[PDB]
Structure formats: structure tokens, C-alpha cells
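Only one chain is given next, in C-alpha cells, and it is the form deposited in one PDB entry.
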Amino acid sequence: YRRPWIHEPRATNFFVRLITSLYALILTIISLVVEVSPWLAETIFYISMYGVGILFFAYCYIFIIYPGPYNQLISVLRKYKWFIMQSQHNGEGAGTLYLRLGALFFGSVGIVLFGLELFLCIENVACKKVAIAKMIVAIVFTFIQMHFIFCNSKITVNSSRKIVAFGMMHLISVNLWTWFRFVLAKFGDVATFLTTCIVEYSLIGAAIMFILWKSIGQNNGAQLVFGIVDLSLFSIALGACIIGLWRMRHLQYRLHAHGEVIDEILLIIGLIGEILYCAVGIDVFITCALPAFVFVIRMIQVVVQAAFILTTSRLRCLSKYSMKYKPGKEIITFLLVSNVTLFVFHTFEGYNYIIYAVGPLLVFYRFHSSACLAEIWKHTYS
């Protein structure tokens, strides 16, 4: 108009968005060098990141989500005698019910891990309060974050919209940094299950916090039988995706996107992990045919399934026939069963640095695919 940009809403919106995104980018890059490098520096950094996250959570809980006890005090002071925090809230969450339940489960399994090394610290004679404290803040932050994720609806990112911006970007940085803490190798089956769960939990938390941040300012013989069963499971899932797209071609495009960005981000992360894993396997089996044939089938299946999900998540049965025939349902249920089976099977069955780094990404891709298909089974066919 003629006003300065410091007083133009959509000018101030981007500026805050850009500043918070730059802060998150710097802190995420720094967290990688400090956690992928060859101790107090880390310790104080560790405790600082969790402490700032917990402080932001307390600010949100005291002043935004539950302003009652703060509202009392102002009145209690108004008795021993403007600034009372309204209870504006919402029901729109930043994730699906299945995704948030998975977040609760993976965070619970991460707290089990953190408590395990907490016990192994106290009951040993080599570590220090330095260990206990940081593990306590890890447990506290993780539990608070599970509670916040599972209730990411009432949160009004738009009441304190510049600390919620800085806070959400800091939380994304904390989740990504926690993921980076576990992309490096330090019962072998139970150990790799604990790291995977906390990696998956960090990914879900980062996606949820990013979706919330985006809404700020908005006015809205084993190696034989197992390979055989992987090939069979991949092949039937690969065919079901191809058939399902053919059967579901008569549905209609959605008019309102509902949770399509978080699903896109998580599915692409899982798919990137899957494609690297398959490509690296093909490369190593070439530089050093059953497994190599399985890897090509696995890559084709994961790519076609990613396309199938990302498309059918926008398809709704709104035609008279589409509402009555529910075209493709049995496909969705079959694919969901196959994906859950693959996730479970790859968990109980558990050039080595990419394998460990992308290890949790495979099972996270399977879990996210299941969570999307359950959402598709419900939202498309209503």
C-alpha cells in the first residue's frame, strides 16, 4: 500500500518464517557436525537443546494450551491489588490418528531406551551426573513431546506467533539432531529395535512440528526363505498397487486437501531411504542374482506404492457408483495387510554406514505406508 514492510502482516510473516527457517537450518547443520564428528561441548549442547525445547513446551503449556492457572494468578493478584490469556483452541490436528498413535508407541519405546541407559549409568561406576542429567532431560523432553503431538490440535500456534515460530523450528532442530545421534553405530536384535523406534519417533515429531510451524500466520537358510518371502510379498503388493490404480481410476479428485503434506514428507523420506538401500544393494551385489533380482523388485514396488498412496490419498468415492461400489477397497485392505506384515516381518528379522543410517527408514516407510492406507481405507470410502 504505502506502509513499511515492518508493519505489513504478510511481510512480517515471511520475515519471521525466513528468520526461524535460517535458525533451524544453522542449528541442524551444526548438530550434524557435532554428532557425526569423530565431551562437555556435546554435553552442554545436548542439555541446551533439550532444555530450550522443554522451556518452549512449558511456555506453550502454561500460556497457550492451559492458561487457566496463569489466568487465576492474574485474578488472584487482581484481588491483592489487561493481561489474561484467552483459551482459543482448535480440533484440527497436524496428523492422523494412526500416525499419532505410532508416535506414542515409538516415543514410549524411546523412553524405554533412555531409561535403560539411565539405569545402566546409575548402577554402574563409570558415567557421571553428566550422563544422568542429560538422560533425564531426554526422557522428560520425549514424554512432553509425545503428549504434545498426541494433542497437537488445541494448540493455537497463532496466539504467541513468533515464539511458537522460534519454538517449532527449535523442536524440528531437536528432533532432527536426535535422529542424527542415531545414524551412527556405537541382544543385537533388541538393540537395533530401540534405535529404530526413536529414529521413527524423531521423524514423526519433526514432521508434526513442521506442519504446525507452517500453519503459523494462517487464517484458516534364513537368507533363502526370507528372501523368497520378501519377493513374494513385494510381488503381490506390486501387482495390487498396479491393479488398484486401474480399479480406482474412476474416483474423483479431492476438493479439500487433508493432511497431504505431512504424508508427502514422511513418505518421501521413507522412499528415499528405500531407494538408496535398494540401489546400494544392487551396486554391492554387482561389484562383489536372487537377492539382486529382489532389490529391483523391491525398488519398483516401493516406487509404485509411493505413487499409489500419494494418488489415492487424494481420491474420494463421491460418485453414486463410487459411493456404492467403493472401488478398490479390498485392494486398500490387502495392501495394508501386506504393509503391516512387511513392517512386522522386517522388525523380528532385523557400505555398512548407509545400511545402518537407512535401516530405520525402511521400516518407517512400511509403517507410514500402513498408516496412510488405513487413512485411505477410511477417508476415501465414507
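For clarity, a rigid core is taken as the largest C-alpha set superposing within 1.5 Å between two forms. So that there is no doubt, residue numbering starts at 1 and follows the sequence shown.
The modelled chain breaks after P38 and resumes at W39, leaving 4 to 9 residues of the deposited sequence without coordinates.
Deposited sequence between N124 and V125: no residues lack coordinates (chain continuous).
The next section is about a form of this same protein that is not shown, the form deposited in another entry.
In the core-superposed comparison between the shown form and the other one, the C-alpha atom of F105 has shifted by less than 2 angstroms. After superposition on the rigid core, displacement of the C-alpha of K162 between the shown form and the other one stays below 2 Å. Relative to the superposed core, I282 undergoes a Cα shift of 2 Å or more between the shown form and the other one. Panel note: the distance between the CA atoms of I144 and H258 is larger in that other deposited form than in this form, the difference being 3 Å or more.
Relative to this form, the distance between the C-alpha atoms of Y356 and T178 is increased by at least 3 angstroms in that other deposited form.
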